[PDB]
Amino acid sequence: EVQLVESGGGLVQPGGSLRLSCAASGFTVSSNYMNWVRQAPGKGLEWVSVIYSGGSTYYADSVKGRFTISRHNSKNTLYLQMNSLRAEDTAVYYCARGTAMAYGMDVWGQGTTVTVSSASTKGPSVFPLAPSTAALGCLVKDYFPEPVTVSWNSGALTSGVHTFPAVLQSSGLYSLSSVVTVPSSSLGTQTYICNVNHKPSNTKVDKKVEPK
């Protein structure tokens, strides 16, 4: 029955506002140290804010002046108001009870996701990664949303292919690379065509990769 349940996360445009709620059961929020702690995707944990039992508040340098921690004893709920949001605030936000001075943070919420992005449907840019056995590449840049399909020579080349998982950019777009390990004896002999298909934007691009 001792639980923290989060809500209010979602997609927000940069510079917007958003309120996060954390309903508590099994203890009283107004008489406890309550923390908001966020975690960006792939990065470590970052403490955001804490409210003392007596009402004193502390915030991290990264959110000072923009975020506000608060509580409501009637609903036994912790709240985090977030204004002037930027892309770097895109993270999963957990609420927790306790003070780092002693006994730590024992009860944690399930976390709610907040994504600050203005990205819209956009076709990718396909660029050639030339070789100096040998490695050829296709760079797919600045596309949204997922997914994108990459083939080589109409899908007839599969031995030695590796399409890396895309990166999630701060701007909200995506980018990946596809690599083929080809022999140095076939650099100036065979032609290599990389075909990239992005269905959301109806973008199909074929690119030839040749040594410089």
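A residue's number is simply how far along the shown sequence it sits, counting from 1.
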{"item": "Deposited residues omitted from coordinates between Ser132 and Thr133, as a class", "value": "4 to 9"}
{"item": "Mean C-alpha B-factor comparison - 17-25 and 192-200, higher one", "value": "192-200"}
{"item": "Of 54-62 and 150-158, the stretch whose C-alpha atoms average the higher B-factor in the entry", "value": "150-158"}
{"item": "Options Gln39, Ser30, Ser186, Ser175 - largest CA temperature factor per the record", "value": "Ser186"}
{"item": "Candidate residues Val48, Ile69, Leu45, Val182, the one whose C-alpha B factor the record puts highest", "value": "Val182"}
{"item": "Chain-wide C-alpha B factor ranking for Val92, given as lowest, middle or highest third", "value": "lowest"}
{"item": "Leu139, C-alpha B-factor rank within chain (lowest, middle or highest third)", "value": "middle"}
{"item": "Record-listed C-alpha B factor of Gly123: chain third", "value": "highest"}
